[PDB]
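**Student:** Got upload_34.txt for you, compact mmCIF, C-alpha atoms and all ligand atoms:
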```
# COMPACT_ATOMS: atom_id res chain seq x y z
CA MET A 1 -38.96 -38.14 -75.29
CA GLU A 2 -37.31 -37.76 -78.69
CA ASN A 3 -38.52 -34.14 -78.41
CA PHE A 4 -36.10 -33.39 -75.48
CA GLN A 5 -32.30 -32.93 -75.20
CA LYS A 6 -30.89 -33.65 -71.73
CA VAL A 7 -28.67 -30.71 -70.67
CA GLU A 8 -27.61 -32.16 -67.27
CA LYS A 9 -28.56 -33.99 -64.04
CA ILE A 10 -30.32 -31.55 -61.68
CA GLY A 11 -30.91 -33.72 -58.61
CA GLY A 12 -37.05 -40.72 -59.86
CA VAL A 13 -34.23 -38.64 -61.43
CA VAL A 14 -34.73 -34.97 -62.52
CA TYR A 15 -33.04 -33.40 -65.58
CA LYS A 16 -32.61 -29.92 -67.00
CA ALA A 17 -33.63 -30.22 -70.68
CA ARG A 18 -34.42 -28.29 -73.86
CA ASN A 19 -37.58 -28.83 -75.87
CA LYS A 20 -35.70 -29.70 -79.05
CA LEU A 21 -38.01 -27.63 -81.25
CA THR A 22 -39.95 -25.28 -78.89
CA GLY A 23 -37.37 -22.99 -77.20
CA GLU A 24 -38.08 -23.90 -73.60
CA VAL A 25 -35.61 -25.06 -71.06
CA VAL A 26 -37.52 -27.19 -68.59
CA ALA A 27 -37.04 -29.62 -65.68
CA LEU A 28 -37.83 -33.19 -66.73
CA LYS A 29 -38.77 -35.88 -64.20
CA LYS A 30 -38.60 -39.61 -65.17
CA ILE A 31 -40.77 -41.65 -62.76
CA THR A 32 -55.19 -44.09 -60.57
CA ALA A 33 -51.72 -42.47 -60.68
CA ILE A 34 -52.48 -41.11 -64.18
CA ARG A 35 -55.74 -39.58 -62.85
CA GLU A 36 -53.90 -38.17 -59.77
CA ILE A 37 -51.25 -36.58 -62.00
CA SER A 38 -54.04 -35.04 -64.14
CA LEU A 39 -55.48 -33.24 -61.08
CA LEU A 40 -52.07 -31.62 -60.44
CA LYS A 41 -51.84 -30.07 -63.93
CA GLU A 42 -54.81 -27.90 -62.95
CA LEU A 43 -53.33 -26.86 -59.54
CA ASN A 44 -51.73 -23.56 -60.69
CA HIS A 45 -50.32 -20.82 -58.40
CA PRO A 46 -47.42 -18.31 -58.37
CA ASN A 47 -45.76 -20.17 -55.43
CA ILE A 48 -46.17 -23.63 -57.07
CA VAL A 49 -43.68 -24.89 -59.71
CA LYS A 50 -45.73 -25.19 -62.88
CA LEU A 51 -46.42 -28.69 -64.21
CA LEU A 52 -46.26 -28.06 -67.96
CA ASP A 53 -46.89 -31.50 -69.52
CA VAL A 54 -47.64 -35.10 -68.54
CA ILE A 55 -46.19 -37.59 -71.00
CA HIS A 56 -47.49 -41.14 -70.52
CA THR A 57 -45.82 -43.07 -73.39
CA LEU A 58 -44.46 -41.64 -67.48
CA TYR A 59 -42.42 -38.39 -67.58
CA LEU A 60 -43.34 -35.05 -65.95
CA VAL A 61 -42.26 -31.77 -67.60
CA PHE A 62 -42.02 -28.85 -65.14
CA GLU A 63 -41.01 -25.18 -65.34
CA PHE A 64 -37.27 -24.68 -64.66
CA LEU A 65 -35.87 -22.52 -61.85
CA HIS A 66 -32.17 -21.85 -61.40
CA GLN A 67 -31.59 -22.55 -57.70
CA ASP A 68 -32.77 -24.52 -54.68
CA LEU A 69 -33.02 -23.11 -51.11
CA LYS A 70 -30.60 -25.65 -49.70
CA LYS A 71 -27.74 -24.49 -51.95
CA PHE A 72 -28.69 -20.81 -51.25
CA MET A 73 -28.48 -21.34 -47.45
CA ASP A 74 -24.98 -22.88 -47.82
CA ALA A 75 -23.83 -19.87 -49.91
CA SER A 76 -25.29 -17.42 -47.31
CA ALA A 77 -23.88 -19.35 -44.31
CA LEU A 78 -21.14 -16.87 -43.42
CA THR A 79 -23.40 -13.82 -43.03
CA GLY A 80 -26.88 -15.41 -43.06
CA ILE A 81 -29.95 -14.51 -45.12
CA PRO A 82 -31.05 -10.96 -44.21
CA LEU A 83 -34.15 -11.13 -41.96
CA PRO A 84 -36.37 -9.25 -44.48
CA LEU A 85 -35.47 -11.86 -47.10
CA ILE A 86 -36.29 -14.72 -44.63
CA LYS A 87 -39.65 -13.09 -43.81
CA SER A 88 -40.55 -12.68 -47.54
CA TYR A 89 -39.83 -16.37 -48.33
CA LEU A 90 -41.94 -17.66 -45.35
CA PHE A 91 -44.90 -15.39 -46.28
CA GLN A 92 -44.88 -16.70 -49.90
CA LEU A 93 -44.59 -20.40 -48.94
CA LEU A 94 -47.50 -19.94 -46.53
CA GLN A 95 -49.47 -18.58 -49.51
CA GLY A 96 -48.57 -21.72 -51.54
CA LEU A 97 -49.64 -24.10 -48.80
CA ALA A 98 -52.87 -22.20 -48.04
CA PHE A 99 -53.75 -22.71 -51.73
CA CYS A 100 -52.89 -26.46 -51.73
CA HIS A 101 -54.62 -27.08 -48.48
CA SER A 102 -57.92 -25.41 -49.64
CA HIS A 103 -58.07 -27.99 -52.49
CA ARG A 104 -57.32 -30.84 -50.02
CA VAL A 105 -53.80 -31.54 -51.34
CA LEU A 106 -50.82 -32.09 -49.09
CA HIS A 107 -47.12 -31.87 -49.87
CA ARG A 108 -46.06 -34.44 -47.21
CA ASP A 109 -42.27 -34.12 -47.65
CA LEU A 110 -41.27 -30.46 -47.59
CA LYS A 111 -37.56 -29.70 -47.34
CA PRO A 112 -34.97 -27.10 -48.47
CA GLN A 113 -33.97 -29.24 -51.52
CA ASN A 114 -37.43 -29.02 -53.11
CA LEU A 115 -37.92 -25.27 -52.56
CA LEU A 116 -36.96 -23.34 -55.69
CA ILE A 117 -35.97 -19.65 -56.09
CA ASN A 118 -35.37 -17.13 -58.86
CA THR A 119 -33.63 -13.75 -59.41
CA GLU A 120 -36.98 -11.93 -58.99
CA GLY A 121 -37.18 -12.73 -55.28
CA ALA A 122 -39.87 -15.43 -55.70
CA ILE A 123 -39.95 -18.88 -54.00
CA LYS A 124 -41.90 -21.99 -55.12
CA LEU A 125 -43.06 -25.46 -53.92
CA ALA A 126 -42.09 -28.59 -55.95
CA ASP A 127 -42.87 -32.36 -55.57
CA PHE A 128 -46.44 -31.33 -54.51
CA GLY A 129 -48.98 -34.18 -54.82
CA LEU A 130 -46.38 -36.81 -55.84
CA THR A 131 -34.03 -37.19 -44.88
CA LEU A 132 -36.19 -37.21 -41.70
CA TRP A 133 -35.28 -33.76 -40.38
CA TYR A 134 -38.59 -32.01 -41.31
CA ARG A 135 -40.97 -34.86 -40.48
CA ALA A 136 -43.99 -34.16 -38.25
CA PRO A 137 -44.20 -36.15 -34.98
CA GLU A 138 -47.70 -37.59 -35.76
CA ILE A 139 -46.10 -39.24 -38.79
CA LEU A 140 -43.31 -40.59 -36.54
CA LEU A 141 -45.83 -41.97 -34.02
CA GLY A 142 -47.72 -44.02 -36.63
CA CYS A 143 -50.83 -41.95 -37.41
CA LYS A 144 -51.87 -43.20 -40.89
CA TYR A 145 -54.49 -40.47 -41.65
CA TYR A 146 -52.47 -37.35 -41.02
CA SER A 147 -53.58 -33.81 -42.05
CA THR A 148 -52.33 -30.65 -43.80
CA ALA A 149 -50.72 -29.74 -40.47
CA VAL A 150 -47.76 -32.01 -41.40
CA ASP A 151 -46.68 -29.28 -43.89
CA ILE A 152 -46.97 -26.44 -41.41
CA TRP A 153 -44.61 -28.45 -39.09
CA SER A 154 -42.06 -28.91 -41.89
CA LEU A 155 -42.15 -25.17 -42.92
CA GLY A 156 -41.44 -24.14 -39.28
CA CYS A 157 -38.30 -26.32 -39.08
CA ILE A 158 -37.19 -24.64 -42.30
CA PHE A 159 -38.02 -21.10 -40.92
CA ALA A 160 -35.78 -21.84 -37.91
CA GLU A 161 -32.87 -23.20 -39.99
CA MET A 162 -32.82 -20.04 -42.13
CA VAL A 163 -32.62 -17.81 -38.98
CA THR A 164 -29.99 -19.83 -37.02
CA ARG A 165 -28.09 -21.34 -39.98
CA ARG A 166 -28.34 -24.70 -38.33
CA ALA A 167 -30.71 -27.62 -38.71
CA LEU A 168 -33.31 -27.64 -35.86
CA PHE A 169 -33.76 -31.47 -35.54
CA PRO A 170 -31.10 -33.31 -37.61
CA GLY A 171 -31.88 -37.00 -36.94
CA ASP A 172 -30.34 -40.04 -38.69
CA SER A 173 -33.14 -42.54 -37.76
CA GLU A 174 -36.84 -42.46 -36.79
CA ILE A 175 -36.25 -42.79 -33.07
CA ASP A 176 -33.34 -40.33 -33.13
CA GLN A 177 -35.58 -37.85 -34.96
CA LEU A 178 -38.27 -38.29 -32.35
CA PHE A 179 -35.97 -37.96 -29.32
CA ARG A 180 -34.41 -34.75 -30.72
CA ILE A 181 -37.93 -33.26 -30.99
CA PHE A 182 -38.61 -34.41 -27.39
CA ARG A 183 -35.36 -32.96 -25.94
CA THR A 184 -36.19 -29.46 -27.29
CA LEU A 185 -39.99 -29.10 -26.83
CA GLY A 186 -40.39 -31.59 -24.00
CA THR A 187 -41.78 -35.10 -24.16
CA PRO A 188 -45.49 -34.79 -25.06
CA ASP A 189 -48.28 -36.16 -22.85
CA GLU A 190 -52.14 -36.08 -22.68
CA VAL A 191 -52.00 -32.51 -21.29
CA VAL A 192 -50.35 -30.89 -24.37
CA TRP A 193 -51.55 -33.58 -26.85
CA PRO A 194 -54.84 -35.46 -26.14
CA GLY A 195 -54.77 -38.96 -27.57
CA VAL A 196 -50.95 -39.11 -27.71
CA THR A 197 -50.48 -42.21 -25.49
CA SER A 198 -52.85 -44.28 -27.64
CA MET A 199 -50.98 -43.75 -30.98
CA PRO A 200 -49.75 -46.87 -32.85
CA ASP A 201 -45.99 -46.38 -32.14
CA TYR A 202 -46.22 -44.52 -28.81
CA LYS A 203 -44.45 -46.30 -25.92
CA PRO A 204 -45.13 -45.59 -22.19
CA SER A 205 -41.37 -46.27 -21.76
CA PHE A 206 -40.27 -43.09 -23.68
CA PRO A 207 -37.88 -40.97 -21.57
CA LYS A 208 -39.45 -37.83 -20.01
CA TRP A 209 -37.49 -34.68 -20.90
CA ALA A 210 -38.56 -31.14 -19.99
CA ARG A 211 -39.22 -28.35 -22.49
CA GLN A 212 -36.59 -25.65 -23.27
CA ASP A 213 -37.16 -21.93 -23.73
CA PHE A 214 -37.64 -20.76 -27.27
CA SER A 215 -35.32 -17.78 -26.72
CA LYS A 216 -32.60 -20.48 -26.47
CA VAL A 217 -33.67 -22.45 -29.61
CA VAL A 218 -33.70 -19.48 -32.10
CA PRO A 219 -31.91 -16.57 -30.23
CA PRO A 220 -31.59 -13.83 -32.84
CA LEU A 221 -35.32 -14.10 -33.77
CA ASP A 222 -37.42 -11.29 -32.40
CA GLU A 223 -40.49 -11.85 -30.21
CA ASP A 224 -43.13 -11.85 -33.01
CA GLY A 225 -41.10 -14.41 -34.97
CA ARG A 226 -40.65 -16.70 -31.93
CA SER A 227 -44.40 -16.48 -31.15
CA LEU A 228 -45.32 -17.57 -34.71
CA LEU A 229 -42.68 -20.41 -34.69
CA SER A 230 -44.09 -21.94 -31.48
CA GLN A 231 -47.59 -22.04 -33.02
CA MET A 232 -46.17 -23.81 -36.13
CA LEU A 233 -44.50 -26.42 -33.88
CA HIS A 234 -47.42 -27.29 -31.56
CA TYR A 235 -47.47 -31.07 -30.84
CA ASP A 236 -51.27 -31.56 -31.34
CA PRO A 237 -52.03 -31.28 -35.10
CA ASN A 238 -55.43 -29.63 -34.33
CA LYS A 239 -53.72 -26.90 -32.24
CA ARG A 240 -51.03 -26.24 -34.91
CA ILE A 241 -51.68 -22.96 -36.70
CA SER A 242 -53.11 -23.25 -40.19
CA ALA A 243 -51.37 -21.58 -43.21
CA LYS A 244 -54.22 -19.02 -43.61
CA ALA A 245 -54.12 -17.89 -39.96
CA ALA A 246 -50.27 -17.62 -39.97
CA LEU A 247 -50.53 -15.13 -42.87
CA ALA A 248 -52.42 -12.74 -40.51
CA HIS A 249 -49.78 -13.02 -37.69
CA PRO A 250 -48.23 -9.65 -36.59
CA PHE A 251 -44.73 -10.93 -37.70
CA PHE A 252 -45.83 -10.10 -41.27
CA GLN A 253 -46.98 -6.58 -40.54
CA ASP A 254 -43.83 -5.03 -42.07
CA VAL A 255 -43.22 -7.70 -44.81
CA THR A 256 -41.51 -6.73 -48.13
CA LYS A 257 -40.25 -8.50 -51.27
CA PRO A 258 -36.45 -8.08 -51.35
CA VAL A 259 -34.36 -9.36 -54.27
CA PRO A 260 -31.71 -11.97 -53.38
CA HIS A 261 -28.04 -11.87 -54.29
CA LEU A 262 -27.78 -15.05 -56.48
CA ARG A 263 -24.61 -16.34 -58.03
CA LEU A 264 -25.62 -18.64 -60.91
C1 LIG B 301 -32.23 -26.13 -59.82
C2 LIG B 301 -33.53 -26.89 -59.81
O1 LIG B 301 -33.64 -27.87 -59.06
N1 LIG B 301 -34.51 -26.48 -60.62
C3 LIG B 301 -35.80 -27.12 -60.71
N2 LIG B 301 -36.87 -26.55 -61.47
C4 LIG B 301 -38.05 -27.17 -61.51
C5 LIG B 301 -38.26 -28.31 -60.88
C6 LIG B 301 -37.29 -28.91 -60.16
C7 LIG B 301 -37.56 -30.19 -59.41
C8 LIG B 301 -38.76 -31.08 -59.49
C9 LIG B 301 -39.95 -30.99 -60.39
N3 LIG B 301 -38.57 -32.08 -58.59
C10 LIG B 301 -37.36 -31.91 -57.91
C11 LIG B 301 -36.76 -32.68 -56.90
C12 LIG B 301 -35.53 -32.30 -56.36
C13 LIG B 301 -34.91 -31.15 -56.83
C14 LIG B 301 -35.53 -30.40 -57.84
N4 LIG B 301 -36.72 -30.76 -58.38
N5 LIG B 301 -36.08 -28.36 -60.04
```
Is it possible to give me this structure as structure tokens?
Ligand SMILES: CC(=O)Nc1nccc(-c2c(C)nc3ccccn23)n1
**Tutor:**
Amino acid sequence: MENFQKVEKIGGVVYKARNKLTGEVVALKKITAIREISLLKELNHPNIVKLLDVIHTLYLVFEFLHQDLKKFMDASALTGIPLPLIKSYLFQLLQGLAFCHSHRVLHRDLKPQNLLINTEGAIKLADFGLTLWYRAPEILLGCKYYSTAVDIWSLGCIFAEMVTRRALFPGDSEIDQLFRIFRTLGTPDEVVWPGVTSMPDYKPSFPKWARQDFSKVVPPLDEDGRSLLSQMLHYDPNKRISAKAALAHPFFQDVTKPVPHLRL
């Protein structure tokens, strides 16, 4: 760590830093684990933040990117992110997740704060392999052996927030999170989700709300985009669309790679 000069606090704790002798600016994270971290160094992809070095002496040295998606959404709040720029970001994240998922690795806590962007129009996943708003309902209902579907759920909540400029399900506790999901998509039962009533934290006493129309939940989104969102938010994890199959959805027929307007 004598080889690094802390520039500033970025957001254990994460620091922007300069390799005192090398030229690189980098993002430095101060934290069976050692072996797990060694499997991540080899998990390299254009939509995954690069893990440069693992220093057990345990610090993690990542590639640096200049902005997170949460701050970018706040700066675009007045006018909103142009739809072609929303569509490009979703397409790329789906590529990232498809990659992770084919090597059996989950993210588990996806959110706007850990999604990083550059001037080139690229978007990357961070915290891979290491707020309740983006949490999948199987996690809330006590399933202990949850699947890659938990990430697809989280990415759909994020898709929706970009389009509407509001958080889809902004809960401040586990039961609040759950009841907001229920009020929008209807309380789940054995019809839509087989096995649901025999989950560790399921209660037969849950209120029974009815489902709302998707044209109400994300109005300005066109029909292809609303179709894909409803398959990313299916209650049953085995019905939820996989990353690979979402990439072939007709929503991405006309996809491009626009450049964003970033003020750094
Ligand atoms: C502006 C910015 O956050 N850049 C950046 N580059 C690379 C990595 C990270 C990073 C990593 C590795 N973990 C977290 C957690 C929260 C926010 C950013 N990060 N952050």
**Student:** Could you list, as a VMD selection string, every residue within 9 Å of range 75-78 of chain A, counting only C-alpha atoms and ignoring same-chain residues fewer than 4 positions away?
**Tutor:** chain A and resid 70 to 71 165 263
**Student:** Report as a ChimeraX atom specification which protein, DNA and RNA residues come within 9 Å of ligand LIG 301 (chain B), using only C-alpha atoms and all ligand atoms.
**Tutor:** /A:10-16,26-29,49-51,60-68,113-117,125-128
**Student:** From the list A:111, A:124, A:135, A:101, which residue is nearest residue 162 in chain A when using only C-alpha atoms?
**Tutor:** A:111
**Student:** Between CA of residue 241 in chain A and CA of residue 142 in chain A, what is the distance in Å, rounded to a tenth?
**Tutor:**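 Computing it gives 21.4 Å between the two atoms.
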**Student:** State, in Å with one decimal place, the distance from CA of residue 226 in chain A to CA of residue 157 in chain A.
**Tutor:**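 These atoms are spaced 12.2 Å apart.
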**Student:** So which residues touch residue 158 in chain A within 9 Å, counting only C-alpha atoms, skipping near sequence neighbours fewer than 6 positions away, as a ChimeraX atom specification?
**Tutor:** /A:90,110-112,134,167-168
**Student:** Pick out the closest residue to residue 177 in chain A from this set: A:256, A:131, A:88, A:47. Count only C-alpha atoms.
**Tutor:** A:131
**Student:** With distances taken over all atoms listed in the file, which of A:235, A:129, A:173, A:207 is nearest to residue 191 in chain A?
**Tutor:**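 Of all the options, A:235 lies closest to residue 191 in chain A.
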**Student:** Every residue with an atom at most 12 Å from (-55.1, -24.9, -46.3) (file coordinates; all atoms listed in the file) is what I'm after, so could you write them as a ChimeraX atom specification?
**Tutor:** /A:93-107,147-152,241-247
**Student:** Generate the output file for the selected residues, C-alpha atoms, as a PDB file, keeping the file's coordinate frame.
**Tutor:**
```
ATOM      1  CA  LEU A  93     -44.590 -20.400 -48.940  1.00  0.00           C
ATOM      2  CA  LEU A  94     -47.500 -19.940 -46.530  1.00  0.00           C
ATOM      3  CA  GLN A  95     -49.470 -18.580 -49.510  1.00  0.00           C
ATOM      4  CA  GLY A  96     -48.570 -21.720 -51.540  1.00  0.00           C
ATOM      5  CA  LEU A  97     -49.640 -24.100 -48.800  1.00  0.00           C
ATOM      6  CA  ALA A  98     -52.870 -22.200 -48.040  1.00  0.00           C
ATOM      7  CA  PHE A  99     -53.750 -22.710 -51.730  1.00  0.00           C
ATOM      8  CA  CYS A 100     -52.890 -26.460 -51.730  1.00  0.00           C
ATOM      9  CA  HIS A 101     -54.620 -27.080 -48.480  1.00  0.00           C
ATOM     10  CA  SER A 102     -57.920 -25.410 -49.640  1.00  0.00           C
ATOM     11  CA  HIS A 103     -58.070 -27.990 -52.490  1.00  0.00           C
ATOM     12  CA  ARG A 104     -57.320 -30.840 -50.020  1.00  0.00           C
ATOM     13  CA  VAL A 105     -53.800 -31.540 -51.340  1.00  0.00           C
ATOM     14  CA  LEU A 106     -50.820 -32.090 -49.090  1.00  0.00           C
ATOM     15  CA  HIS A 107     -47.120 -31.870 -49.870  1.00  0.00           C
ATOM     16  CA  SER A 147     -53.580 -33.810 -42.050  1.00  0.00           C
ATOM     17  CA  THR A 148     -52.330 -30.650 -43.800  1.00  0.00           C
ATOM     18  CA  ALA A 149     -50.720 -29.740 -40.470  1.00  0.00           C
ATOM     19  CA  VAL A 150     -47.760 -32.010 -41.400  1.00  0.00           C
ATOM     20  CA  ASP A 151     -46.680 -29.280 -43.890  1.00  0.00           C
ATOM     21  CA  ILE A 152     -46.970 -26.440 -41.410  1.00  0.00           C
ATOM     22  CA  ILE A 241     -51.680 -22.960 -36.700  1.00  0.00           C
ATOM     23  CA  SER A 242     -53.110 -23.250 -40.190  1.00  0.00           C
ATOM     24  CA  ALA A 243     -51.370 -21.580 -43.210  1.00  0.00           C
ATOM     25  CA  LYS A 244     -54.220 -19.020 -43.610  1.00  0.00           C
ATOM     26  CA  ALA A 245     -54.120 -17.890 -39.960  1.00  0.00           C
ATOM     27  CA  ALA A 246     -50.270 -17.620 -39.970  1.00  0.00           C
ATOM     28  CA  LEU A 247     -50.530 -15.130 -42.870  1.00  0.00           C
TER      29      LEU A 247
END
```
**Student:** Find the residues near residue 249 in chain A: any atom within 9 Å, counting all atoms listed in the file, skip ones fewer than 4 places away on the same chain, and give them as a PDB file with C-alpha atoms, in the coordinates of the input.
**Tutor:**
```pdb
ATOM      1  CA  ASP A 224     -43.130 -11.850 -33.010  1.00  0.00           C
ATOM      2  CA  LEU A 228     -45.320 -17.570 -34.710  1.00  0.00           C
ATOM      3  CA  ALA A 245     -54.120 -17.890 -39.960  1.00  0.00           C
ATOM      4  CA  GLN A 253     -46.980  -6.580 -40.540  1.00  0.00           C
TER       5      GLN A 253
END
```
**Student:** Near residue 208 in chain A, counting all atoms listed in the file, which residues have an atom at most 9 Å away, once you skip same-chain residues fewer than 4 positions from it, shown as a VMD selection string?
**Tutor:** chain A and resid 182 to 183 186 to 188
**Student:** Give me, please, the distance in Å between CA of residue 44 in chain A and CA of residue 91 in chain A, quoted to one decimal.
**Tutor:**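 CA of residue 91 in chain A lies at a distance of 17.9 Å from CA of residue 44 in chain A.
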**Student:** For a quick check of understanding, using all atoms listed in the file, which of A:192, A:132, A:141, A:232 has the smallest distance to residue 211 in chain A?
**Tutor:**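 Between A:192, A:132, A:141, A:232, the residue approaching residue 211 in chain A most closely is A:192.
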**Student:** Counting only C-alpha atoms, which residue out of A:23, A:121, A:204, A:237 sits closest to residue 259 in chain A?
**Tutor:**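 Of all the options, A:121 lies closest to residue 259 in chain A.
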**Student:** My list of candidates is A:199, A:120, A:85, A:184. Which is closest to residue 139 in chain A when distances are computed with all atoms listed in the file?
**Tutor:** A:199
**Student:** Leaving out residue 229 in chain A and any residue of its chain fewer than 5 positions from it, which residues lie within 9 Å of it when counting all atoms listed in the file, given as an MDAnalysis selection string?
**Tutor:** chainID A and resid 156:157 159:160 214 224 234
